[PDB]
């Protein structure tokens, strides 16, 4: 199950896995700056540090220039610099729960199913045998095109190799000639894969 969240500044997002641990798929900030133009900023690294590999986390976003309160709530804060206070501001982020965040596949002859982050650099590795891609899907549920099937591309670039690098950023930039921030900053992949022999 993927949590696709849209949150305002100030609003706390509280995540919890019934089983497994959290894996952050993407994060994007859209906010007015001091020049009253809509800017884009990153937040993936901050969310990963709070959430990845944990069964629960909680965070909220706030502005560079703020009246600083003293409160236990503050340990959950994430400051985004150039943003100025405005109702137009908004964070879109997705996480999912997985039993493991490792892409080393330990057993042969069983399907694995997992997600791959927006800017993944970690290869999928068969401990025993070689890769075989059943399905590789490019999800962008906040964009007008919500789904692209990239199975054939991943299949030709990974089948019968011991390891496979699925990098959604590189797929989009270099195979789909993608330039739109919606897709570049928020798309993530799901893969169904088996190790043979």
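Numbering follows the first chain given and starts at 1.
- Look at the mean CA B-factor for 116-124 and for 97-105 in the entry; the higher one is 97-105.
- Averaged over their C-alpha atoms, the temperature factors of 186-194 and 4-12 are higher for 4-12.
- Per the deposited coordinates, the residue with the largest Cα temperature factor out of 151, 140, 172, 69 is 69.
- In the PDB entry, the Cα temperature factor peaks, among 135, 54, 44, 36, at 36.
- Split the chain's modelled residues into thirds by C-alpha temperature factor. Residue 40 is in the highest one.
- In this PDB entry, residue 167 carries a Cα temperature factor that places it within the lowest third of its chain's modelled residues.
- Sort the chain's modelled residues by C-alpha temperature factor and residue 28 lands in the lowest third, per the entry.
- When the modelled residues of the chain are ordered by their C-alpha B factor, residue 146 lands in the lowest third.
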